[PDB]
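Visitor: Have a look at this one before I ask anything.
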Amino acid sequence: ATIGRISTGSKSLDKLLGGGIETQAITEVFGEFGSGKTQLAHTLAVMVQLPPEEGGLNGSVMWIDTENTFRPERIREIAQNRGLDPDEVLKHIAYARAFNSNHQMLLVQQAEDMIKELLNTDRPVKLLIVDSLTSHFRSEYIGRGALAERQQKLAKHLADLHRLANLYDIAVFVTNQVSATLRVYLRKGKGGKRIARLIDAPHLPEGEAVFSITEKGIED
Ligand SMILES: Oc1cccc2ccccc12
């Protein structure tokens, strides 16, 4: 199927990304605390539910949360400020807490069931979020005696995510802290604005986009 794109809410950021985040791809967003990466995740979980003319893909969402950063009230706020029904928007985000790295990998394997169920419906899964990709791996695999297994497991986890993205035409969006993925780095700009820098994209030029965080989530 043709690659679909989900608007981030920011015209500047969308332009940097070639139109928005892509289905059949893993977009990996890095940032320190308060960078805006989780705000971006929340915004995407709303935007994807819009029709294409409004920057979405008429899709449902699946969200894997590793350190309790999902905020249903923030979803409701973004939904309402963008004219959507906050209750309907929340209903179409399937939520799962991942308690550890094994569980996180299991949840990705098990997500395929719901993806299959929704595939030929009015609201197929179009966005799968993992926030954060690495918190559990960093917590569990300490030192150099553990690095090899950590990388192996992470590599397998990324492969599972790539497969879901490609097979079912889903945009996978993961957060991280410092191919295979499209890497975007967030930092604080001036006056409370945030800056995104695209790095090492095979077919998009590097560049930067400045954006804001509002009651609409993110926008220019
Ligand atoms: O495997 C999953 C991943 C993300 C969300 C889920 C929600 C319900 C059941 C399973 C889920």
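Simple scheme: letters A, B, ... for chains in structure tokens order, numbers from 1 for residues in each chain, numbers from 1 for ligands in the order shown.
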Using only C-alpha atoms, which residues sit within 10 Å of residue A:177 once same-chain residues fewer than 2 positions away are excluded, as number ranges by chain?
Guide: A: 28-33, 37, 132-135, 175, 185-186
Visitor: Hey, which residues sit close to ligand 1? Say within 10 Å, counting only C-alpha atoms and all ligand atoms, and write them as a PyMOL selection string.
Guide: chain A and resi 61-65+93-98+103-115+128-130
Visitor: Atoms to include: N, CA, C and O atoms. Write the selected residues as a CSV table (one decimal), in the first residue's frame.
Guide:
```csv
chain,number,residue,atom,x,y,z
A,61,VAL,N,-5.3,3.7,17.5
A,61,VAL,CA,-4.0,3.7,18.1
A,61,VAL,C,-3.8,2.6,19.1
A,61,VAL,O,-4.7,2.2,19.8
A,62,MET,N,-2.6,2.1,19.2
A,62,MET,CA,-2.2,1.2,20.3
A,62,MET,C,-1.0,1.9,20.9
A,62,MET,O,0.0,2.3,20.2
A,63,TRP,N,-1.0,1.9,22.3
A,63,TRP,CA,0.0,2.7,23.0
A,63,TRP,C,0.6,1.8,24.1
A,63,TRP,O,-0.1,1.3,25.0
A,64,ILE,N,1.9,1.6,24.1
A,64,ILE,CA,2.6,0.8,25.1
A,64,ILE,C,3.4,1.8,25.9
A,64,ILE,O,4.3,2.6,25.4
A,65,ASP,N,3.2,1.9,27.2
A,65,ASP,CA,3.7,2.9,28.1
A,65,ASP,C,4.6,2.2,29.1
A,65,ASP,O,4.2,1.3,29.8
A,93,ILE,N,-7.9,4.6,21.5
A,93,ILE,CA,-6.5,4.4,21.9
A,93,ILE,C,-6.5,3.2,22.8
A,93,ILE,O,-7.0,3.2,24.0
A,94,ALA,N,-5.9,2.0,22.3
A,94,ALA,CA,-5.8,0.8,23.1
A,94,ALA,C,-4.5,1.0,24.0
A,94,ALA,O,-3.4,1.2,23.4
A,95,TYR,N,-4.7,1.0,25.3
A,95,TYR,CA,-3.5,1.2,26.2
A,95,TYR,C,-3.0,0.0,26.9
A,95,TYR,O,-3.7,-0.9,27.3
A,96,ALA,N,-1.7,-0.1,26.9
A,96,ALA,CA,-1.0,-1.2,27.7
A,96,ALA,C,0.2,-0.7,28.4
A,96,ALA,O,1.1,0.0,27.8
A,97,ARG,N,0.2,-1.0,29.7
A,97,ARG,CA,1.4,-0.7,30.5
A,97,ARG,C,2.4,-1.9,30.3
A,97,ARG,O,2.0,-3.1,30.3
A,98,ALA,N,3.7,-1.6,30.1
A,98,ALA,CA,4.7,-2.6,30.1
A,98,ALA,C,5.5,-2.5,31.4
A,98,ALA,O,6.0,-1.5,31.7
A,103,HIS,N,8.1,-8.1,29.1
A,103,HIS,CA,6.6,-7.8,29.0
A,103,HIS,C,6.5,-6.9,27.8
A,103,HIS,O,5.6,-7.1,27.0
A,104,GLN,N,7.3,-5.9,27.7
A,104,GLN,CA,7.3,-4.9,26.6
A,104,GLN,C,7.4,-5.6,25.2
A,104,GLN,O,6.6,-5.3,24.3
A,105,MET,N,8.3,-6.6,25.1
A,105,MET,CA,8.5,-7.3,23.9
A,105,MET,C,7.3,-8.2,23.6
A,105,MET,O,6.8,-8.3,22.5
A,106,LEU,N,6.7,-8.9,24.7
A,106,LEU,CA,5.5,-9.7,24.6
A,106,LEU,C,4.3,-8.9,24.1
A,106,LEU,O,3.6,-9.3,23.2
A,107,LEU,N,4.2,-7.6,24.6
A,107,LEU,CA,3.1,-6.8,24.2
A,107,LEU,C,3.1,-6.4,22.7
A,107,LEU,O,2.0,-6.3,22.1
A,108,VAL,N,4.3,-6.3,22.1
A,108,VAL,CA,4.4,-6.0,20.7
A,108,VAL,C,4.0,-7.3,19.9
A,108,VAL,O,3.3,-7.1,18.9
A,109,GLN,N,4.4,-8.4,20.4
A,109,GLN,CA,4.0,-9.7,19.7
A,109,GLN,C,2.5,-9.9,19.8
A,109,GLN,O,1.8,-10.3,18.8
A,110,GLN,N,1.9,-9.5,21.0
A,110,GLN,CA,0.5,-9.7,21.2
A,110,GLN,C,-0.4,-8.6,20.6
A,110,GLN,O,-1.6,-8.8,20.4
A,111,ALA,N,0.2,-7.5,20.2
A,111,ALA,CA,-0.5,-6.4,19.6
A,111,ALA,C,-1.1,-6.8,18.2
A,111,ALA,O,-2.1,-6.3,17.8
A,112,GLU,N,-0.4,-7.8,17.6
A,112,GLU,CA,-0.8,-8.2,16.2
A,112,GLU,C,-2.2,-8.7,16.2
A,112,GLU,O,-2.9,-8.6,15.2
A,113,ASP,N,-2.7,-9.3,17.3
A,113,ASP,CA,-4.1,-9.8,17.4
A,113,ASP,C,-5.1,-8.7,17.2
A,113,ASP,O,-6.0,-8.8,16.4
A,114,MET,N,-4.9,-7.6,17.9
A,114,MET,CA,-5.9,-6.4,17.7
A,114,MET,C,-5.7,-5.8,16.4
A,114,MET,O,-6.7,-5.3,15.8
A,115,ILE,N,-4.5,-5.8,15.9
A,115,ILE,CA,-4.2,-5.2,14.6
A,115,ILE,C,-5.0,-6.0,13.5
A,115,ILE,O,-5.6,-5.4,12.6
A,128,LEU,N,1.2,2.9,16.3
A,128,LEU,CA,1.6,2.1,17.4
A,128,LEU,C,2.7,2.9,18.1
A,128,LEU,O,3.7,3.2,17.5
A,129,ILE,N,2.5,3.3,19.3
A,129,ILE,CA,3.4,4.1,20.1
A,129,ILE,C,4.1,3.2,21.1
A,129,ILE,O,3.5,2.4,21.8
A,130,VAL,N,5.5,3.3,21.3
A,130,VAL,CA,6.2,2.7,22.4
A,130,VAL,C,6.9,3.9,23.1
A,130,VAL,O,7.9,4.4,22.5
```
Visitor: For the structure I just gave you, how does DSSP split stretch 7-208 of chain A - specifically, which residues are helix (DSSP H, G or I)? Reply as a ChimeraX atom specification.
Guide: /A:11-16,37-47,52-54,72-81,86-91,101-118,135-140,147-168
Visitor: For the atom pair atom CA of residue A:189 and atom CA of residue A:127, what is the interatomic distance in Å to one decimal place?
Guide: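 Taking atom CA of residue A:189 and atom CA of residue A:127, their separation equals 27.7 Å.
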Visitor: Of the candidates A:25, A:57, A:13, A:6, which shows the shortest atom-to-atom distance to residue A:161, using only C-alpha atoms?
Guide: A:25
Visitor: Could you check how far atom CA of residue A:74 sits from atom CA of residue A:217, in Å to one decimal?
Guide: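 These two atoms are separated by 8.2 Å.
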Visitor: Using only C-alpha atoms, find the one residue out of A:7, A:69, A:27, A:38 that sits nearest to residue A:51.
Guide: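 Among the listed residues, A:7 lies closest to residue A:51.
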Visitor: Tell me which of A:184, A:10, A:164, A:137 sits closest to residue A:152, counting only C-alpha atoms.
Guide: A:137
Visitor: Which neighbours of residue A:210 fall inside 12 Å, counting only C-alpha atoms, when residues of the same chain fewer than 4 positions from it are skipped, and could you give them as a list in words?
Guide: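 My reading of the contact set: residues 10, 11, 12, 13, 14, 15, 16, 36, 185, 186, 187, 188, 189, 190, 191, 192, 193, 194, 195, 196, 197, 198, 218, 219 and 220 of chain A.
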Visitor: Could the residues in this selection be saved with C-alpha atoms as a PDB file, in the first residue's frame?
Guide:
```
ATOM      1  CA  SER A  10       3.270  21.316  13.319  1.00  0.00           C
ATOM      2  CA  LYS A  11       3.576  22.494   9.706  1.00  0.00           C
ATOM      3  CA  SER A  12       7.294  23.170  10.249  1.00  0.00           C
ATOM      4  CA  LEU A  13       7.946  19.699  11.654  1.00  0.00           C
ATOM      5  CA  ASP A  14       5.777  18.042   9.006  1.00  0.00           C
ATOM      6  CA  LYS A  15       7.822  19.788   6.318  1.00  0.00           C
ATOM      7  CA  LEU A  16      11.076  18.499   7.829  1.00  0.00           C
ATOM      8  CA  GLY A  36       8.319  17.423  23.913  1.00  0.00           C
ATOM      9  CA  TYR A 185      16.310  14.808  18.140  1.00  0.00           C
ATOM     10  CA  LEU A 186      14.407  17.304  20.270  1.00  0.00           C
ATOM     11  CA  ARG A 187      15.919  20.108  22.282  1.00  0.00           C
ATOM     12  CA  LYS A 188      14.867  23.304  24.046  1.00  0.00           C
ATOM     13  CA  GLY A 189      14.907  26.386  21.857  1.00  0.00           C
ATOM     14  CA  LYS A 190      14.327  30.014  22.805  1.00  0.00           C
ATOM     15  CA  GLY A 191      11.343  31.259  24.809  1.00  0.00           C
ATOM     16  CA  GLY A 192       9.848  27.869  25.584  1.00  0.00           C
ATOM     17  CA  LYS A 193       9.819  26.750  21.954  1.00  0.00           C
ATOM     18  CA  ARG A 194      11.231  23.352  21.020  1.00  0.00           C
ATOM     19  CA  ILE A 195      13.517  22.397  18.171  1.00  0.00           C
ATOM     20  CA  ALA A 196      13.541  19.144  16.217  1.00  0.00           C
ATOM     21  CA  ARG A 197      16.572  18.064  14.204  1.00  0.00           C
ATOM     22  CA  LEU A 198      16.384  15.254  11.660  1.00  0.00           C
ATOM     23  CA  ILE A 218       2.103  20.552  19.303  1.00  0.00           C
ATOM     24  CA  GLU A 219       1.851  23.098  16.493  1.00  0.00           C
ATOM     25  CA  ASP A 220       3.999  25.830  14.952  1.00  0.00           C
TER      26      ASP A 220
END
```
Visitor: Given the choices A:49, A:81, A:70, A:150, which gets closest to residue A:123 if the distance is worked out from only C-alpha atoms?
Guide: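 Using only C-alpha atoms, residue A:123 sits closest to A:49.
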Visitor: Please determine, counting only C-alpha atoms, which residue among A:201, A:1, A:167, A:41 has the shortest atom-to-atom distance to residue A:179.
Guide: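 Ranked by minimum distance to residue A:179, first place goes to A:201.
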Visitor: Could you check which of A:214, A:68, A:24, A:35 is closest to residue A:126, using only C-alpha atoms?
Guide: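 Of all the options, A:24 lies closest to residue A:126.
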